[PDB]
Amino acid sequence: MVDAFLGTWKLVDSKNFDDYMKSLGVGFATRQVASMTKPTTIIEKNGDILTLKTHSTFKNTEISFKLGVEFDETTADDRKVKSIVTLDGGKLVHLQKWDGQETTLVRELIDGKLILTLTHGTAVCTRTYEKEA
């Protein structure tokens, strides 16, 4: 049900990522490098386990999860969170919880592009990824 999300994706547009990072308490120097970084996101499946890799010249991350089953995660900015990823309205919705805080990472396909919407506090960031062959 997730299959159109699978593959290798490259960042091609970013709006309000600094706002999002600052809301999370990321320091200025990290925000500065991150603002010029273009990650590659690789989404693969093996049975109902999904692996999501984010690779860049700055930070790399990898998570594996079953849809609808909570997992522990340590984010790129070193938050230790309780996470769950589900399909909702055809969107891949990743909710992270820690210290009573929450943030959502929502992925939706629009005209073949992967749109990642990141919300924390009032900050709303929209990052667009395009498929690599």
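Numbers follow the displayed sequence, beginning with 1.
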TODO: Check the entry's C-alpha temperature factors for 31-39 and 104-112, then say which stretch has the higher mean.
DONE: 104-112
- [ ] Averaging the C-alpha B factors as listed in the entry, name the stretch that ends up higher: 1-9 or 123-131.
- [x] 1-9
Task: Candidate set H94, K53, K82, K59 [ranked by C-alpha B-factor, highest] - done: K59
Task: Third of the chain's Cα B-factor distribution that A76 belongs to, per the entry - done: middle
- [ ] Rank-wise, by C-alpha B-factor, drop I63 into the lowest, middle or highest third of its chain.
- [x] lowest
Open item on the list: Taking only the Cα B-factors deposited for this chain, tell me whether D48 sits in the lowest, middle or highest third.
Closed with: highest
